[PDB]
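Shown next: data-v1.cif, given as mmCIF, N, CA and C atoms.
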data_upload
loop_
_atom_site.label_atom_id
_atom_site.label_comp_id
_atom_site.auth_asym_id
_atom_site.auth_seq_id
_atom_site.Cartn_x
_atom_site.Cartn_y
_atom_site.Cartn_z
N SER A 5 147.86 83.56 79.25
CA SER A 5 148.38 83.74 77.89
C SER A 5 147.24 83.81 76.88
N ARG A 6 146.96 82.68 76.25
CA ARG A 6 145.89 82.53 75.27
C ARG A 6 145.04 81.34 75.69
N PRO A 7 143.80 81.25 75.22
CA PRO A 7 142.93 80.15 75.66
C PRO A 7 143.50 78.80 75.25
N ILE A 8 143.26 77.80 76.08
CA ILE A 8 143.76 76.45 75.86
C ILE A 8 142.56 75.51 75.76
N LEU A 9 142.39 74.89 74.60
CA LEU A 9 141.32 73.92 74.42
C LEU A 9 141.71 72.58 75.03
N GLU A 10 140.75 71.95 75.71
CA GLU A 10 140.94 70.63 76.31
C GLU A 10 139.98 69.67 75.62
N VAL A 11 140.54 68.71 74.89
CA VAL A 11 139.77 67.72 74.14
C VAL A 11 140.46 66.37 74.33
N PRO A 12 139.79 65.37 74.89
CA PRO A 12 140.42 64.04 75.02
C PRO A 12 140.80 63.49 73.65
N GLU A 13 141.87 62.71 73.63
CA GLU A 13 142.34 62.16 72.36
C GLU A 13 141.35 61.19 71.76
N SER A 14 140.61 60.46 72.59
CA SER A 14 139.61 59.54 72.08
C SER A 14 138.47 59.42 73.09
N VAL A 15 137.30 59.08 72.57
CA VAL A 15 136.09 58.86 73.36
C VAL A 15 135.42 57.62 72.78
N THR A 16 134.83 56.79 73.63
CA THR A 16 134.08 55.63 73.19
C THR A 16 132.62 55.79 73.59
N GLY A 17 131.72 55.57 72.64
CA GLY A 17 130.31 55.65 72.90
C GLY A 17 129.58 54.38 72.51
N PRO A 18 128.37 54.20 73.04
CA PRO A 18 127.62 52.97 72.80
C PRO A 18 126.83 53.02 71.50
N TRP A 19 126.95 51.96 70.70
CA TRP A 19 126.11 51.79 69.52
C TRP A 19 124.63 51.97 69.87
N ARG A 20 123.95 52.81 69.08
CA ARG A 20 122.55 53.19 69.25
C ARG A 20 122.28 54.10 70.45
N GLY A 21 123.31 54.38 71.25
CA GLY A 21 123.19 55.24 72.41
C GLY A 21 123.69 56.64 72.11
N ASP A 22 124.07 57.34 73.17
CA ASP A 22 124.46 58.74 73.07
C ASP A 22 125.86 58.90 73.63
N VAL A 23 126.56 59.94 73.17
CA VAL A 23 127.91 60.21 73.64
C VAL A 23 128.13 61.72 73.66
N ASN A 24 129.00 62.16 74.56
CA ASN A 24 129.51 63.52 74.61
C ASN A 24 130.97 63.50 74.18
N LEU A 25 131.33 64.36 73.22
CA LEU A 25 132.73 64.58 72.87
C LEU A 25 133.17 65.84 73.59
N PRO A 26 133.96 65.74 74.65
CA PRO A 26 134.26 66.93 75.43
C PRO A 26 135.15 67.90 74.67
N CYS A 27 134.82 69.18 74.80
CA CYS A 27 135.66 70.25 74.29
C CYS A 27 135.42 71.44 75.21
N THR A 28 136.41 71.76 76.04
CA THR A 28 136.24 72.79 77.05
C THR A 28 137.49 73.65 77.13
N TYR A 29 137.33 74.84 77.71
CA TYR A 29 138.44 75.73 77.97
C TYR A 29 138.07 76.61 79.15
N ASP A 30 139.09 77.13 79.83
CA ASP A 30 138.85 78.08 80.90
C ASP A 30 138.77 79.47 80.29
N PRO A 31 137.66 80.20 80.46
CA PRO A 31 137.58 81.54 79.86
C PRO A 31 138.68 82.45 80.38
N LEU A 32 139.11 83.37 79.52
CA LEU A 32 140.18 84.30 79.84
C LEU A 32 139.71 85.72 79.58
N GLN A 33 140.07 86.64 80.47
CA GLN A 33 139.63 88.02 80.30
C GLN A 33 140.21 88.60 79.01
N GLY A 34 139.38 89.36 78.30
CA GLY A 34 139.79 89.94 77.04
C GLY A 34 139.74 89.00 75.85
N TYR A 35 139.15 87.81 76.01
CA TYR A 35 138.93 86.88 74.90
C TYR A 35 137.44 86.59 74.82
N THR A 36 136.77 87.12 73.80
CA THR A 36 135.35 86.91 73.59
C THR A 36 135.18 85.81 72.56
N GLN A 37 134.38 84.80 72.89
CA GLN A 37 134.14 83.70 71.96
C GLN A 37 133.25 84.21 70.83
N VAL A 38 133.70 84.07 69.59
CA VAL A 38 132.92 84.51 68.44
C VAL A 38 132.54 83.39 67.48
N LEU A 39 133.15 82.21 67.54
CA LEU A 39 132.76 81.14 66.63
C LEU A 39 133.11 79.81 67.28
N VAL A 40 132.23 78.82 67.11
CA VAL A 40 132.52 77.43 67.40
C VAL A 40 132.16 76.63 66.16
N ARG A 41 133.04 75.73 65.74
CA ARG A 41 132.72 74.77 64.69
C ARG A 41 133.10 73.38 65.16
N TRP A 42 132.27 72.41 64.81
CA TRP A 42 132.66 71.01 64.89
C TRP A 42 132.71 70.44 63.49
N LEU A 43 133.77 69.70 63.20
CA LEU A 43 134.02 69.10 61.90
C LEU A 43 134.22 67.60 62.07
N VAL A 44 133.96 66.84 61.01
CA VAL A 44 134.21 65.40 61.00
C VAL A 44 135.05 65.04 59.79
N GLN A 45 135.96 64.09 59.96
CA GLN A 45 136.78 63.60 58.87
C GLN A 45 136.03 62.54 58.07
N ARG A 46 135.98 62.73 56.76
CA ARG A 46 135.36 61.75 55.87
C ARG A 46 136.24 61.50 54.66
N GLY A 47 136.21 62.43 53.70
CA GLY A 47 136.92 62.23 52.45
C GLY A 47 138.21 63.01 52.31
N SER A 48 138.17 64.13 51.59
CA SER A 48 139.37 64.91 51.30
C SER A 48 139.22 66.38 51.70
N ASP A 49 138.29 66.69 52.60
CA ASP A 49 138.22 68.00 53.22
C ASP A 49 137.28 67.85 54.40
N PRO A 50 137.62 68.38 55.57
CA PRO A 50 136.75 68.19 56.74
C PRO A 50 135.34 68.69 56.47
N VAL A 51 134.38 67.95 57.00
CA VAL A 51 132.96 68.24 56.83
C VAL A 51 132.50 69.07 58.02
N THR A 52 131.89 70.22 57.75
CA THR A 52 131.35 71.04 58.84
C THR A 52 130.00 70.47 59.26
N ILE A 53 129.88 70.06 60.52
CA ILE A 53 128.62 69.50 61.01
C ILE A 53 127.88 70.43 61.96
N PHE A 54 128.54 71.45 62.51
CA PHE A 54 127.91 72.35 63.45
C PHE A 54 128.67 73.67 63.45
N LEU A 55 127.93 74.78 63.56
CA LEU A 55 128.53 76.09 63.74
C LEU A 55 127.69 76.89 64.73
N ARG A 56 128.34 77.60 65.64
CA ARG A 56 127.68 78.55 66.54
C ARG A 56 128.35 79.90 66.37
N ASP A 57 127.56 80.92 66.05
CA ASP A 57 128.07 82.27 65.84
C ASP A 57 127.05 83.25 66.42
N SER A 58 127.17 84.53 66.03
CA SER A 58 126.32 85.56 66.61
C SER A 58 124.84 85.38 66.27
N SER A 59 124.51 84.57 65.27
CA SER A 59 123.12 84.33 64.90
C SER A 59 122.57 83.03 65.49
N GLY A 60 123.39 82.29 66.23
CA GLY A 60 122.92 81.09 66.89
C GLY A 60 123.58 79.83 66.36
N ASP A 61 122.88 78.71 66.51
CA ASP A 61 123.40 77.40 66.14
C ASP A 61 122.92 77.00 64.76
N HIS A 62 123.83 76.42 63.97
CA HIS A 62 123.56 76.05 62.58
C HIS A 62 123.99 74.61 62.37
N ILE A 63 123.02 73.76 62.08
CA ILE A 63 123.24 72.35 61.77
C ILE A 63 122.55 72.14 60.43
N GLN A 64 123.32 72.20 59.33
CA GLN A 64 122.74 72.27 57.99
C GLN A 64 122.33 70.91 57.43
N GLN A 65 122.92 69.81 57.88
CA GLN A 65 122.68 68.52 57.24
C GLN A 65 121.52 67.80 57.91
N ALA A 66 120.61 67.26 57.08
CA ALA A 66 119.46 66.52 57.61
C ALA A 66 119.90 65.31 58.43
N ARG A 67 121.05 64.71 58.11
CA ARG A 67 121.49 63.55 58.86
C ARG A 67 121.85 63.88 60.30
N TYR A 68 122.12 65.16 60.60
CA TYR A 68 122.48 65.56 61.95
C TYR A 68 121.43 66.39 62.67
N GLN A 69 120.56 67.08 61.92
CA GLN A 69 119.54 67.92 62.52
C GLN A 69 118.60 67.08 63.37
N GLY A 70 118.60 67.29 64.68
CA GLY A 70 117.78 66.50 65.57
C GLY A 70 118.53 65.43 66.34
N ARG A 71 119.80 65.19 66.03
CA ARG A 71 120.58 64.24 66.82
C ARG A 71 121.93 64.80 67.23
N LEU A 72 122.18 66.08 66.99
CA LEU A 72 123.45 66.71 67.31
C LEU A 72 123.14 67.98 68.09
N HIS A 73 123.74 68.12 69.27
CA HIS A 73 123.57 69.31 70.08
C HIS A 73 124.91 69.65 70.71
N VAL A 74 125.12 70.92 71.00
CA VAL A 74 126.39 71.39 71.56
C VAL A 74 126.10 72.10 72.87
N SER A 75 126.91 71.79 73.89
CA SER A 75 126.73 72.37 75.22
C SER A 75 126.78 73.89 75.16
N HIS A 76 126.06 74.53 76.09
CA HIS A 76 125.83 75.96 76.00
C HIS A 76 125.75 76.65 77.36
N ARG A 77 125.45 75.90 78.42
CA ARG A 77 125.08 76.51 79.70
C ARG A 77 126.28 77.09 80.46
N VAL A 78 127.42 76.41 80.43
CA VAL A 78 128.60 76.81 81.18
C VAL A 78 129.58 77.47 80.21
N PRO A 79 130.02 78.70 80.46
CA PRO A 79 131.00 79.33 79.57
C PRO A 79 132.25 78.47 79.48
N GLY A 80 132.74 78.27 78.27
CA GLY A 80 133.91 77.47 78.03
C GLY A 80 133.63 76.01 77.75
N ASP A 81 132.37 75.57 77.82
CA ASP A 81 132.03 74.18 77.53
C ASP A 81 131.27 74.14 76.20
N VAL A 82 131.93 73.64 75.16
CA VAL A 82 131.33 73.54 73.84
C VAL A 82 131.37 72.09 73.36
N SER A 83 131.15 71.17 74.29
CA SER A 83 131.17 69.74 74.00
C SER A 83 130.04 69.35 73.04
N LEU A 84 130.31 68.36 72.20
CA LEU A 84 129.36 67.89 71.20
C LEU A 84 128.63 66.66 71.72
N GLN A 85 127.30 66.68 71.64
CA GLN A 85 126.47 65.54 72.01
C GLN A 85 125.88 64.94 70.74
N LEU A 86 126.13 63.66 70.53
CA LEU A 86 125.63 62.94 69.37
C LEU A 86 124.75 61.81 69.88
N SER A 87 123.52 61.72 69.38
CA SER A 87 122.61 60.69 69.84
C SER A 87 122.34 59.66 68.74
N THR A 88 121.90 58.48 69.19
CA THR A 88 121.68 57.30 68.35
C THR A 88 122.90 57.00 67.46
N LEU A 89 124.00 56.65 68.12
CA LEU A 89 125.25 56.43 67.42
C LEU A 89 125.13 55.30 66.40
N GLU A 90 125.66 55.55 65.21
CA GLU A 90 125.81 54.58 64.14
C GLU A 90 127.26 54.12 64.11
N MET A 91 127.49 52.92 63.57
CA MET A 91 128.88 52.48 63.44
C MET A 91 129.69 53.43 62.57
N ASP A 92 129.07 54.04 61.56
CA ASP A 92 129.83 54.97 60.73
C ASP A 92 129.98 56.36 61.35
N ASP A 93 129.48 56.58 62.57
CA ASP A 93 129.90 57.76 63.32
C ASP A 93 131.34 57.64 63.81
N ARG A 94 131.94 56.45 63.76
CA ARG A 94 133.35 56.32 64.09
C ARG A 94 134.17 57.17 63.13
N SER A 95 134.94 58.11 63.67
CA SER A 95 135.74 59.00 62.85
C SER A 95 136.52 59.93 63.75
N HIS A 96 137.35 60.80 63.16
CA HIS A 96 137.99 61.87 63.90
C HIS A 96 137.17 63.15 63.75
N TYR A 97 136.97 63.84 64.87
CA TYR A 97 136.16 65.05 64.95
C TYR A 97 137.06 66.19 65.41
N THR A 98 136.82 67.39 64.88
CA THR A 98 137.59 68.58 65.25
C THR A 98 136.67 69.55 65.97
N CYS A 99 137.10 70.01 67.14
CA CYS A 99 136.48 71.12 67.84
C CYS A 99 137.33 72.35 67.59
N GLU A 100 136.71 73.42 67.10
CA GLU A 100 137.42 74.64 66.71
C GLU A 100 136.72 75.84 67.33
N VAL A 101 137.46 76.65 68.07
CA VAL A 101 136.92 77.83 68.73
C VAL A 101 137.72 79.04 68.27
N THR A 102 137.01 80.14 68.00
CA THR A 102 137.63 81.41 67.65
C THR A 102 137.26 82.44 68.70
N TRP A 103 138.24 83.24 69.11
CA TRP A 103 138.02 84.34 70.04
C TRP A 103 138.46 85.64 69.40
N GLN A 104 137.87 86.73 69.87
CA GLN A 104 138.25 88.07 69.45
C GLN A 104 138.80 88.81 70.66
N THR A 105 139.87 89.55 70.45
CA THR A 105 140.50 90.34 71.49
C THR A 105 140.10 91.81 71.34
N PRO A 106 140.34 92.63 72.36
CA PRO A 106 139.86 94.03 72.31
C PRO A 106 140.43 94.85 71.18
N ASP A 107 141.60 94.49 70.64
CA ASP A 107 142.15 95.18 69.48
C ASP A 107 141.47 94.79 68.17
N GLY A 108 140.52 93.86 68.21
CA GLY A 108 139.84 93.41 67.02
C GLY A 108 140.48 92.24 66.32
N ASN A 109 141.59 91.71 66.83
CA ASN A 109 142.18 90.52 66.25
C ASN A 109 141.35 89.29 66.62
N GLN A 110 141.46 88.24 65.81
CA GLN A 110 140.83 86.96 66.10
C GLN A 110 141.88 85.87 66.12
N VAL A 111 141.73 84.94 67.07
CA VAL A 111 142.64 83.81 67.24
C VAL A 111 141.82 82.53 67.24
N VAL A 112 142.33 81.51 66.55
CA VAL A 112 141.64 80.25 66.35
C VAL A 112 142.44 79.14 67.01
N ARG A 113 141.75 78.25 67.71
CA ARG A 113 142.37 77.05 68.26
C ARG A 113 141.49 75.85 67.91
N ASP A 114 142.13 74.72 67.64
CA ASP A 114 141.38 73.50 67.39
C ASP A 114 142.09 72.30 67.99
N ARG A 115 141.33 71.22 68.15
CA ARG A 115 141.87 69.93 68.58
C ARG A 115 141.03 68.83 67.96
N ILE A 116 141.67 67.70 67.68
CA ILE A 116 141.01 66.53 67.09
C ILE A 116 140.82 65.45 68.15
N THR A 117 139.67 64.78 68.12
CA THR A 117 139.39 63.62 68.94
C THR A 117 138.91 62.48 68.05
N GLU A 118 139.13 61.25 68.49
CA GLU A 118 138.61 60.08 67.78
C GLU A 118 137.44 59.48 68.55
N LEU A 119 136.31 59.31 67.87
CA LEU A 119 135.15 58.64 68.45
C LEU A 119 135.16 57.19 68.00
N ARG A 120 135.14 56.28 68.97
CA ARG A 120 134.93 54.87 68.71
C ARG A 120 133.53 54.49 69.16
N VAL A 121 132.91 53.56 68.44
CA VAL A 121 131.54 53.15 68.71
C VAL A 121 131.55 51.67 69.04
N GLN A 122 130.99 51.32 70.19
CA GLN A 122 131.14 50.01 70.79
C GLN A 122 129.78 49.34 70.88
N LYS A 123 129.70 48.09 70.44
CA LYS A 123 128.49 47.30 70.67
C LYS A 123 128.55 46.62 72.03
#
What would the structure in this file look like if it were written as structure tokens?
Amino acid sequence: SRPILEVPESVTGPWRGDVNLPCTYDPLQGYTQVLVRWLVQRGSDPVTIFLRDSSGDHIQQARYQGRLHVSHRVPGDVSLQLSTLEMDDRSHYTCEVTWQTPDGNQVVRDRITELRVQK
């Protein structure tokens, strides 16, 4: 049918350690991945923390540049890796993927996960 994102409802990571927030899908013929975004919930509009598009990976905030990476090697795996976890990294995160079909249409799917940080 259409691509199905798989994102666990919650993940727990170690304080000062590293965690992977899984976000994966099985690739489907005729669906080309054109955008990945990861967002975090803070105030009154989701914060964009990562984008991958035709020009590469974009991590605009100094607080994340150097401690945020997104999986790339296996098609369909766009999991977020966050290193040196802070207690205020506890939040809800959105994984959002956009695909383009041969007719030129684009379809967007997203899922939210909760990261808990454990001492």
Margin query: Take the PyMOL selection byres ((chain A and resi 54) around 6), run it mentally on this structure, and tell me the resulting residues as a list in words.
Written below: residues 40, 41, 42, 43, 52, 53, 55, 56, 62 and 63 of chain A
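Between atom C of residue 57 of chain A and atom N of residue 13 of chain A the interatomic distance comes to 26.3 Å.
Taking only C-alpha atoms, the non-local environment of segment 104-115 of chain A within 9 Å (same-chain residues fewer than 3 positions away omitted) comprises residues 6, 7, 8, 9, 10, 11, 12, 13, 27, 34, 35, 36, 37, 38, 39, 97, 98, 99, 100 and 101 of chain A.
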Keeping N, CA and C atoms for every residue in the selection just given, could you write it to a file as a CSV table (one decimal), in the frame of the given file?
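Okay, result.csv is ready:
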chain,number,residue,atom,x,y,z
A,6,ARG,N,147.0,82.7,76.2
A,6,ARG,CA,145.9,82.5,75.3
A,6,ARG,C,145.0,81.3,75.7
A,7,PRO,N,143.8,81.2,75.2
A,7,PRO,CA,142.9,80.2,75.7
A,7,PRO,C,143.5,78.8,75.2
A,8,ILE,N,143.3,77.8,76.1
A,8,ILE,CA,143.8,76.4,75.9
A,8,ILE,C,142.6,75.5,75.8
A,9,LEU,N,142.4,74.9,74.6
A,9,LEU,CA,141.3,73.9,74.4
A,9,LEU,C,141.7,72.6,75.0
A,10,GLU,N,140.8,72.0,75.7
A,10,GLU,CA,140.9,70.6,76.3
A,10,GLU,C,140.0,69.7,75.6
A,11,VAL,N,140.5,68.7,74.9
A,11,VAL,CA,139.8,67.7,74.1
A,11,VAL,C,140.5,66.4,74.3
A,12,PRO,N,139.8,65.4,74.9
A,12,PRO,CA,140.4,64.0,75.0
A,12,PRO,C,140.8,63.5,73.6
A,13,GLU,N,141.9,62.7,73.6
A,13,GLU,CA,142.3,62.2,72.4
A,13,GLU,C,141.4,61.2,71.8
A,27,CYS,N,134.8,69.2,74.8
A,27,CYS,CA,135.7,70.2,74.3
A,27,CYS,C,135.4,71.4,75.2
A,34,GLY,N,139.4,89.4,78.3
A,34,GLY,CA,139.8,89.9,77.0
A,34,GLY,C,139.7,89.0,75.8
A,35,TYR,N,139.2,87.8,76.0
A,35,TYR,CA,138.9,86.9,74.9
A,35,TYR,C,137.4,86.6,74.8
A,36,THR,N,136.8,87.1,73.8
A,36,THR,CA,135.4,86.9,73.6
A,36,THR,C,135.2,85.8,72.6
A,37,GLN,N,134.4,84.8,72.9
A,37,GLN,CA,134.1,83.7,72.0
A,37,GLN,C,133.2,84.2,70.8
A,38,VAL,N,133.7,84.1,69.6
A,38,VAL,CA,132.9,84.5,68.4
A,38,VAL,C,132.5,83.4,67.5
A,39,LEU,N,133.2,82.2,67.5
A,39,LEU,CA,132.8,81.1,66.6
A,39,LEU,C,133.1,79.8,67.3
A,97,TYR,N,137.0,63.8,64.9
A,97,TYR,CA,136.2,65.0,65.0
A,97,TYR,C,137.1,66.2,65.4
A,98,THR,N,136.8,67.4,64.9
A,98,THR,CA,137.6,68.6,65.2
A,98,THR,C,136.7,69.6,66.0
A,99,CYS,N,137.1,70.0,67.1
A,99,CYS,CA,136.5,71.1,67.8
A,99,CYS,C,137.3,72.4,67.6
A,100,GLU,N,136.7,73.4,67.1
A,100,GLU,CA,137.4,74.6,66.7
A,100,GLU,C,136.7,75.8,67.3
A,101,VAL,N,137.5,76.6,68.1
A,101,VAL,CA,136.9,77.8,68.7
A,101,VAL,C,137.7,79.0,68.3
Note to self: My list of candidates is A:5, A:59, A:116, A:72. Which is closest to residue 88 of chain A when distances are computed with all atoms listed in the file?
What the structure shows: A:72
Item checked: segment 8-60 of chain A: residues DSSP assigns to strand (DSSP E), reported as a ChimeraX atom specification -> /A:14-18,23-25,36-44,51-57,60
Note to self: Applying the PyMOL selection byres ((chain A and resi 96) around 6) to the file I just gave you, which residues come out? Please list them as a PyMOL selection string.
What the structure shows: chain A and resi 43-45+94-95+97-98+117-119
Restricting the output to N, CA and C atoms, write the selected residues as a PDB file, in the frame of the given file.
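Dumped to result_0.pdb:
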ATOM      1  N   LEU A  43     133.770  69.700  63.200  1.00  0.00           N
ATOM      2  CA  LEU A  43     134.020  69.100  61.900  1.00  0.00           C
ATOM      3  C   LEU A  43     134.220  67.600  62.070  1.00  0.00           C
ATOM      4  N   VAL A  44     133.960  66.840  61.010  1.00  0.00           N
ATOM      5  CA  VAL A  44     134.210  65.400  61.000  1.00  0.00           C
ATOM      6  C   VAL A  44     135.050  65.040  59.790  1.00  0.00           C
ATOM      7  N   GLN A  45     135.960  64.090  59.960  1.00  0.00           N
ATOM      8  CA  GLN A  45     136.780  63.600  58.870  1.00  0.00           C
ATOM      9  C   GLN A  45     136.030  62.540  58.070  1.00  0.00           C
ATOM     10  N   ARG A  94     131.940  56.450  63.760  1.00  0.00           N
ATOM     11  CA  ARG A  94     133.350  56.320  64.090  1.00  0.00           C
ATOM     12  C   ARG A  94     134.170  57.170  63.130  1.00  0.00           C
ATOM     13  N   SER A  95     134.940  58.110  63.670  1.00  0.00           N
ATOM     14  CA  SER A  95     135.740  59.000  62.850  1.00  0.00           C
ATOM     15  C   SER A  95     136.520  59.930  63.750  1.00  0.00           C
ATOM     16  N   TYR A  97     136.970  63.840  64.870  1.00  0.00           N
ATOM     17  CA  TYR A  97     136.160  65.050  64.950  1.00  0.00           C
ATOM     18  C   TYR A  97     137.060  66.190  65.410  1.00  0.00           C
ATOM     19  N   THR A  98     136.820  67.390  64.880  1.00  0.00           N
ATOM     20  CA  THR A  98     137.590  68.580  65.250  1.00  0.00           C
ATOM     21  C   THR A  98     136.670  69.550  65.970  1.00  0.00           C
ATOM     22  N   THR A 117     139.670  64.780  68.120  1.00  0.00           N
ATOM     23  CA  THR A 117     139.390  63.620  68.940  1.00  0.00           C
ATOM     24  C   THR A 117     138.910  62.480  68.050  1.00  0.00           C
ATOM     25  N   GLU A 118     139.130  61.250  68.490  1.00  0.00           N
ATOM     26  CA  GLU A 118     138.610  60.080  67.780  1.00  0.00           C
ATOM     27  C   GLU A 118     137.440  59.480  68.550  1.00  0.00           C
ATOM     28  N   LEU A 119     136.310  59.310  67.870  1.00  0.00           N
ATOM     29  CA  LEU A 119     135.150  58.640  68.450  1.00  0.00           C
ATOM     30  C   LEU A 119     135.160  57.190  68.000  1.00  0.00           C
TER      31      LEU A 119
END
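Atom CA of residue 77 of chain A is found 17.9 Å from atom CA of residue 103 of chain A.
The spacing separating atom CA of residue 120 of chain A from atom CA of residue 75 of chain A amounts to 20.4 Å.
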